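Single-structure report; data block below.
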Amino acid sequence: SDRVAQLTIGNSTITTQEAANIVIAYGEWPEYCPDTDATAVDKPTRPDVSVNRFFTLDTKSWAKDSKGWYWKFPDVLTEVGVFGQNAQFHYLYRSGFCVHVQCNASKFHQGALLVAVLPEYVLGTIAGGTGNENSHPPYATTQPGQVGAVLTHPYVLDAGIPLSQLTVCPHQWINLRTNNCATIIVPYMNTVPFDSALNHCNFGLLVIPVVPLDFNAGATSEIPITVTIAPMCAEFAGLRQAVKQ
Amino acid sequence: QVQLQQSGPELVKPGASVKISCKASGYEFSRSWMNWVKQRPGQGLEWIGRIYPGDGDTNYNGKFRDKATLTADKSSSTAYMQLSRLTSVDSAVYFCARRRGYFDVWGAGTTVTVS
Amino acid sequence: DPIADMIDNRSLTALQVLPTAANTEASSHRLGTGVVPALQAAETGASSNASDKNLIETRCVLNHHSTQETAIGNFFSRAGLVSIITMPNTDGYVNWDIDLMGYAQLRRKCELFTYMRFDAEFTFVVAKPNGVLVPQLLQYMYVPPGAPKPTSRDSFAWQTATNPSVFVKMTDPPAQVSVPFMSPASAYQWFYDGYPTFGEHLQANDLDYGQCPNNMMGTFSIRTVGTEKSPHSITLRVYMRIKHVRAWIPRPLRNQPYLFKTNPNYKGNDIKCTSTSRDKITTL
Amino acid sequence: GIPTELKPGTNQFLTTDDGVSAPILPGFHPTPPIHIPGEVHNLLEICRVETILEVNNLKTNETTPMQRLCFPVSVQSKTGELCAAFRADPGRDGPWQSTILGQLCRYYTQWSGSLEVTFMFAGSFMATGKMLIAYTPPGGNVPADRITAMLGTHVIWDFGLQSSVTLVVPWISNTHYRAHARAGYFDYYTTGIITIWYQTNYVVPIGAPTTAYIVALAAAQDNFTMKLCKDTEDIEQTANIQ
Amino acid sequence: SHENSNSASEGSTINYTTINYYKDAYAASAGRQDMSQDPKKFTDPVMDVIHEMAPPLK
Amino acid sequence: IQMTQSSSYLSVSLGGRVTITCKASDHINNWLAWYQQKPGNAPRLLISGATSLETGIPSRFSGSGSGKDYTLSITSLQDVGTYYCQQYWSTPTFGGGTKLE
Ligand SMILES: CCCCCCCCCCCCC/C=C/[C@H](O)[C@H](N)CO
């Protein structure tokens, strides 16, 4: 009764049979911007069913010595679907998300992931090793796209903050003996009510195997990981011609 | 300084019994299993069984059941093994080991012949 | 009525006031099946809601330990060093751009939260480089972003007809002043993931990653008042106190030492572990 | 005018003393606030969120520091051996430094209240077992065997559908508060020793791995308070920044 | 009738009693802080509420 | 579980770096011991747990084994005697033996 769940929105539908609860990040649901917190003086657009649906991304592979991956939002949906076209024509956007991460294995495998959400995730380099020169990360690393890069040093999260106290952010676990999916619902978090979509990435999601995957030899060694997302209450404003980046 | 001391050799009639003894000294006699290993003079080793002198439970090999009886005196620090209905196959040498694991310290060995 | 489609969740928590810590009431043994307060499931992303009275047998106590020392108004209401300014520079005036992330004591406290809206109080302790004091007249002018910054000791920018400025002597008590919240946004932020401008981001222009323009507050320029060269060296120290604090979205703290004033870069060859190591796992 | 006098304490600058000060800008009005989710009002609801404890802090894990979060269990050959042991005070340098409770307690001098330690099993579905987790009040060292350590406050935990268990470390002290424990005179404020043991073995069938790992989490209870804010020891500045 | 309320804490204040001598409200003292705290939105944010006596995976 | 120890009667020469192999049948999980025996004497356990040495034994003996096939290697000969192997996973069974020249 607690384990089974079904999430339907738009024309898509996700079923699951081995799940924990849904985590609502900071106890608050996504919503539209009220008149008191608004600042623009034009009517925004709401496309109800062409942008609020489950978009699925590429599929990774979990080996016995994996490091951990990360994605940036809303960088992943800038080139996918009607959300990818409204974010290029308009100037401002405002939305909340709903992330679902699937990964399954049999009853003879073991391991544990950590699915977390870290708002305003600013990356840093290793300063050339010796710490003498400051190197800044390239454009294909700060905003990787819908593929998502990897963590080259995951103990310090590539930013100098430790992994041990990452659970102060909203998070769930993928324990391979208990469940196989994690769901987080996150509202819009920013200092300004509307913002641009091609420059600012207001939160980033990262998946890290804490306890490494192990199995007995002869079993299935291809254990994949899939991420599906869905924009919740998207708005757009400030129409112009199309700007890619 | 752990010491395991056995008895002397025996000459026994086929169809009779014999009682080999193994005496431990230098450590706590309880809280340690005691093993008995058989080695027929030409070839390798065979495991007979073990005894726990704290209470007295014993595990045997499959073949050596109803051939050997393991007993242990907790006060005298001595573990006995009695063989019954001896035939000419049972001419061998018997050892006394002590780990429950991988046989830390071994006894000297008692030669038993039957004719 | 002509279209039934176009005619069209709750608040999860509530805030309550707690002056002191919670009391403990007595309990006893409970031999029975069905209920298990000791077995949680950490996969749900929630902490354990078990207490002491459901695990062991407790006595009743009534504690009056207050919880006001840990409020964020009292955690932050302490002054701290933000800059030192020295003019041995060699001709009078010194233009110091405002940047308060240069010292590791106050930077680590303010970077516990992502957004923070507050009110600063500043004070300026000025002396000779060996801690001596001579009579000398000075002027500290605050230049907002866009205003003409001074370029000499006797420029026209020191007429301060609209810019605020403080005249103080060296042998006086230090000069306190109060500065409001002056950002265009609704809060300051110490972490801005993203580029400030539009356009193609090349390899040369990778410097702009992580620079929020809502935190630029102009410069802060000092001088000696006279038009001839003063024979004294002067070092100045600025201390900042935070008041009327509101903070949002906590985040992990830092364990690696800082390297630069603008980016979270760290030394990649010496990754210092968080805890101190020991010999065995069984022998503490 | 009005006849006054100046007492001692004049023209001093005390850093932790609030008072009215002159403003720079008359007639200013700040930007109106926006509802941003996740506002804190007190540092006590960050000390209730549970974070990972580095129990396996050996000197051989300094090169590959991701090993320091999970300590192993396996199929044992003798009955009643112990798996881990560590002290139960958040101020001392040890396993508690990696937690958000161990970093926020650093800023204060004295603390009070009870803690909690949550263990989570990360083995396969077909492996079973039972383990004993005990807490020993001060006065002694690490206990020598299982028959000695079970006289403290303990709990017996078995692996099933619910994978987690919670050991509370109850507030047993002579004083109302506790300064941070340390080698020397400040061992008077020590808290105790948490050791886990083997109740039964770790039984696994044919075709499943024979070594599983355990993650340990830690937080604080409702009656946890702190006072006497001070400076921290975990940040250093040898040379200047930038 | 009052004097120019421009503070960084207007909507959700900390208390009422703070001293002030100028006409600008951001120049006032700190005062004593309130003891309100909402620990639930960081500790147990979940869709279905869980009880401590029930099994959390039922 | 039956231990093979398939090779006996080896041929060595005084520093010849011989290795001795044995294999189990049903996945012993690195729980072996290697048991040198001299003629007319009790055996001595050279190694425990298939990797670990006891005290007093010179460090020219070293053992390993990956999945099922376990090895024992000597480097500087003279050390001539009969070598057995013994698993302790279900019940103690021994190997055949290995005589050297
Ligand atoms: C004569 C009075 C001079 C007053 C000079 C100080 C006024 C400016 C106060 C700015 C308040 C802090 C704003 C942000 C500062 C940090 O350095 C930025 N976040 C840099 O990251």
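All Cβ positions, even for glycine, are placed from backbone atoms using ideal geometry, and neighbour counts span all protein chains on display. Bear in mind that the values in this text are calculations on the coordinates, not laboratory data.
Can you tell me how many residues in segment C:53-84 are touching a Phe, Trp or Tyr at 6+ places or on another chain (Cβ under 6 Å) and surrounded by fewer than 18 Cβ atoms within 10 Å (Cβ to Cβ)? Quick ask: steps written out before the conclusion?
The initial filter retains those residues of segment C:53-84 that are touching a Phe, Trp or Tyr at 6+ places or on another chain (Cβ under 6 Å), namely C:79, C:81.
Filter once more, so that each one left must be surrounded by fewer than 18 Cβ atoms within 10 Å (Cβ to Cβ): C:81.
Number of matching residues: 1.
Hydrophobic (A, V, I, L, M, F, W, C) and either closer than 20 Å to C:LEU81 by Cα or out of contact with any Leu (no Cβ under 8 Å at 6 or more places or on another chain) (or both): is that true of C:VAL132 in this structure?
Values: hydrophobic (A, V, I, L, M, F, W, C): yes; either closer than 20 Å to C:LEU81 by Cα or out of contact with any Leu (no Cβ under 8 Å at 6 or more places or on another chain) (or both): yes.
So C:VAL132 passes the test.
So which residues in segment C:185-218 are within 14 Å of the ligand (Cβ to nearest atom) and more than 9 Å from chain A (Cβ to nearest Cβ)?
Selection gives C:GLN211, C:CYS212, C:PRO213, C:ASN215, C:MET216, C:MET217, C:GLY218.
Within segment B:11-21, can one find any residue that is within 14 Å of chain F (Cβ to nearest Cβ) and over 25 Å from F:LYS99 (Cα atoms)? Spell out how you get there, then give the answer.
Pass one, segment B:11-21, residues within 14 Å of chain F (Cβ to nearest Cβ): none.
Checked against the condition, which is being within 14 Å of chain F (Cβ to nearest Cβ) and over 25 Å from F:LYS99 (Cα atoms), segment B:11-21 yields no hits at all.
Determine if segment A:54-76 includes at least one residue that is outside any strand (DSSP E or B), more than 22 Å from the chain's Cα centre (by Cα) and within 14 Å of another protein chain (Cβ to nearest Cβ).
In the first step, residues of segment A:54-76 are kept if they are outside any strand (DSSP E or B); the result is A:54, A:63-68, A:74-76.
Those still in the list that are more than 22 Å from the chain's Cα centre (by Cα) too: A:64-65.
Okay, now just the ones that are also within 14 Å of another protein chain (Cβ to nearest Cβ), so A:64-65.
Yes: one or more hits.
What number of residues within segment C:103-117 are at the interface with chain D (Cβ under 10 Å from one of its Cβ atoms), in a loop (DSSP other than H, G, I, E, B) and within 14 Å of the ligand (Cβ to nearest atom)?
Kept after step one, since they are at the interface with chain D (Cβ under 10 Å from one of its Cβ atoms), are these residues of segment C:103-117: C:103-105, C:107-109, C:112-115, C:117.
Pick out the ones that are also in a loop (DSSP other than H, G, I, E, B) and you get C:103, C:112.
After this cut, where a residue has to be within 14 Å of the ligand (Cβ to nearest atom) as well, the list is C:103.
The number of residues fulfilling the criteria is 1.
Scan segment C:88-102 for residues that are more than 16 Å from the ligand (Cβ to nearest atom) and buried (at least 19 other Cβ atoms within 10 Å of the Cβ) and jot them down. Lay out the reasoning, then the answer.
To start, the set of residues in segment C:88-102 that are more than 16 Å from the ligand (Cβ to nearest atom) comprises C:88-92.
Within segment C:88-102, C:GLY92 is the sole residue that qualifies.
Looking at (1) in contact with a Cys (Cβ under 9 Å, 6 or more places away or on another chain); (2) surrounded by 19 or more Cβ atoms within 10 Å (Cβ to Cβ); (3) of a type outside the set (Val, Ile, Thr), which is the only condition A:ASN180 fails?
(2)
Scan segment C:173-182 and tell me whether some residue there is within 16 Å of the ligand (Cβ to nearest atom), surrounded by 16 or more Cβ atoms within 10 Å (Cβ to Cβ) and under 14 Å from the mean Cα position of the chain (by Cα).
yes
Please list, ordered by first then second residue, the pairs with beta carbon atoms under 6 Å, 6 or more apart or interchain, first in segment C:153-167 and closer than 20 Å to C:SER178 by Cα, second among the polar types (S, T, N, Q) and within 13 Å of the ligand (Cβ to nearest atom).
Close Cβ pairs (under 6 Å, with a partner that is among the polar types (S, T, N, Q) and within 13 Å of the ligand (Cβ to nearest atom)) amount to C:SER165/C:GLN139; C:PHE167/C:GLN139.
Quick one: what pairs do we get from segment C:131-144, first residue within 14 Å of C:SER230 (Cβ to Cβ), second within 16 Å of the ligand (Cβ to nearest atom) and part of a loop (DSSP other than H, G, I, E, B), C-beta under 7 Å, 6+ apart or different chains?
Hits for this filter: C:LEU137/C:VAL225; C:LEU138/C:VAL225; C:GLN139/C:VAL225.
All but one of (1) of a type in the set (A, V, I, L, M); (2) surrounded by 15 or more Cβ atoms within 10 Å (Cβ to Cβ); (3) more than 15 Å from the chain's Cα centre (by Cα) hold for C:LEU207; which doesn't?
(2)
Loosely packed, with under 12 Cβ neighbours inside 10 Å, within 30 Å of C:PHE181 (Cβ to Cβ) and of a type outside the set (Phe, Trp, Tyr): does that describe C:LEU202? Explain how you work it out, then say what you get.
Details: loosely packed, with under 12 Cβ neighbours inside 10 Å: yes; within 30 Å of C:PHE181 (Cβ to Cβ): no; of a type outside the set (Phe, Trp, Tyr): yes.
The answer is no for C:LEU202.
Given the conditions (1) among the polar types (S, T, N, Q); (2) over 22 Å from B:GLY101 (Cβ atoms); (3) surrounded by 13 or more Cβ atoms within 10 Å (Cβ to Cβ), and given that F:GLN78 satisfies all but one, which numbered condition is not satisfied?
Every listed condition holds for F:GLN78 apart from (3).
Looking at C:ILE222, C:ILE242, C:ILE249, which is the one that is in a strand (DSSP E or B) and within 7 Å of chain A (Cβ to nearest Cβ)? Lay out the reasoning, then the answer.
Working: C:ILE222 fails: within 7 Å of chain A (Cβ to nearest Cβ); C:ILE242 fails: within 7 Å of chain A (Cβ to nearest Cβ).
Step by step, each of C:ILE222, C:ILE242, C:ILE249 is checked, and only C:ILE249 is in a strand (DSSP E or B) and within 7 Å of chain A (Cβ to nearest Cβ).
Could you grab me the full set of residues in segment A:93-150 that are of a type in the set (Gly, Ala, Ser), more than 8 Å from every other protein chain (Cβ to nearest Cβ) and either part of a loop (DSSP other than H, G, I, E, B) or in contact with a helix residue (DSSP H, G or I) (Cβ under 8 Å, 6 or more places away or on another chain) (or both)?
Pass one, segment A:93-150, residues of a type in the set (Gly, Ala, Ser): A:95-96, A:105-106, A:111-112, A:116, A:124, A:127-129, A:131, A:135, A:140, A:145, A:148-149.
Then drop every residue that is not more than 8 Å from every other protein chain (Cβ to nearest Cβ), which leaves A:95-96, A:105-106, A:116, A:140, A:145, A:148-149.
Result: A:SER95, A:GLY96, A:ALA105, A:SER106, A:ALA116, A:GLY145, A:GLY148, A:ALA149.
Would you pick out the residues in segment C:3-22 that are among the charged types (D, E, K, R) and either at the interface with another protein chain (Cβ under 7 Å from one of its Cβ atoms) or within 45 Å of the chain's Cα centre (by Cα) (or both)? Reasoning before the result, please.
Taking segment C:3-22 as the starting set, the residues that turn out to be among the charged types (D, E, K, R) are C:5, C:8, C:10.
Across segment C:3-22, the qualifying residues are C:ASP8, C:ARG10.
Looking at C:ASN54, C:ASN74, which one is in a loop (DSSP other than H, G, I, E, B) and within 14 Å of chain E (Cβ to nearest Cβ)? Can you show your working first?
Details: C:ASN74 fails: in a loop (DSSP other than H, G, I, E, B).
Result of the check over C:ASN54, C:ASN74: C:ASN54.
Results for (1) under 29 Å from the mean Cα position of the chain (by Cα); (2) surrounded by 12 or more Cβ atoms within 10 Å (Cβ to Cβ); (3) aliphatic (A, V, I, L, M), shown as yes or no for each residue.
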residue	(1), (2), (3)
D:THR4	no, no, no
D:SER21	no, yes, no
D:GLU39	yes, yes, no
D:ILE46	yes, yes, yes
D:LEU53	yes, yes, yes
D:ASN61	yes, yes, no
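I need every pair where a residue in segment C:217-228 that is more than 20 Å from C:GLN136 (Cα to Cα) has its Cβ under 9 Å from the Cβ of a residue that is within 16 Å of the ligand (Cβ to nearest atom) and among the polar types (S, T, N, Q), sequence separation at least 6 or different chains.
Correct list of pairs: C:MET217/C:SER183; C:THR219/C:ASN95.
Inside segment C:118-161, can you point out the residues that are within 13 Å of the ligand (Cβ to nearest atom) and of a type in the set (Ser, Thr, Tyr)?
Listed by number, the residues that qualify are C:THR123, C:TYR140, C:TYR142, C:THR160.
Give me the pairs, please: first residue somewhere in segment A:10-29 and more than 20 Å from C:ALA14 (Cα to Cα), second residue anywhere and part of a helix (DSSP H, G or I), beta-carbon distance under 8 Å, and either six or more positions apart or on two chains.
Filtered contacts from segment A:10-29: A:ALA20/C:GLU43; A:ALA20/C:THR44; A:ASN21/C:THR44.
Out of (1) of a type in the set (S, T, N, Q); (2) surrounded by fewer than 16 Cβ atoms within 10 Å (Cβ to Cβ); (3) facing another protein chain (nearest Cβ under 10 Å), the odd one out for C:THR160 is which?
Exception for C:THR160: condition (3).
Does segment E:40-54 contain at least one residue that is under 24 Å from C:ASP52 (Cβ atoms), at the interface with another protein chain (Cβ under 7 Å from one of its Cβ atoms) and in contact with a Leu (Cβ under 6 Å, 6 or more places away or on another chain)?
No - not one qualifying residue is present in segment E:40-54.
Restricting the search to segment D:179-231, which residues are within 12 Å of chain C (Cβ to nearest Cβ), β-branched (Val, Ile, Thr) and closer than 25 Å to C:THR24 by Cβ?
First, pick out the residues of segment D:179-231 that are within 12 Å of chain C (Cβ to nearest Cβ): D:190, D:192-197, D:214-231.
Okay, now just the ones that are also β-branched (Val, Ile, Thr), so D:190, D:193-196, D:214-215, D:225.
If the condition is that a residue be within 12 Å of chain C (Cβ to nearest Cβ), β-branched (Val, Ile, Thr) and closer than 25 Å to C:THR24 by Cβ, then D:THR190, D:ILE193, D:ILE194, D:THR225 are the ones that fit.
Return the residues of segment B:85-115 that are closer than 16 Å to B:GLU46 by Cα and part of a strand (DSSP E or B); say none if nothing qualifies.
If the condition is that a residue be closer than 16 Å to B:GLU46 by Cα and part of a strand (DSSP E or B), then B:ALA92, B:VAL93, B:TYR94, B:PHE95, B:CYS96, B:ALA97, B:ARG98, B:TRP106, B:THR110, B:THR111, B:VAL112 are the ones that fit.
Name the one entry in D:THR153, D:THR128 that is within 14 Å of chain A (Cβ to nearest Cβ) and β-branched (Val, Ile, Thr).
Numbers: D:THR153 fails: within 14 Å of chain A (Cβ to nearest Cβ).
The conditions single out D:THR128.
Determine, yes or no, whether A:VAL186 is within 11 Å of chain D (Cβ to nearest Cβ) and within 15 Å of the chain's Cα centre (by Cα).
It is true that A:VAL186 is within 11 Å of chain D (Cβ to nearest Cβ) and within 15 Å of the chain's Cα centre (by Cα).
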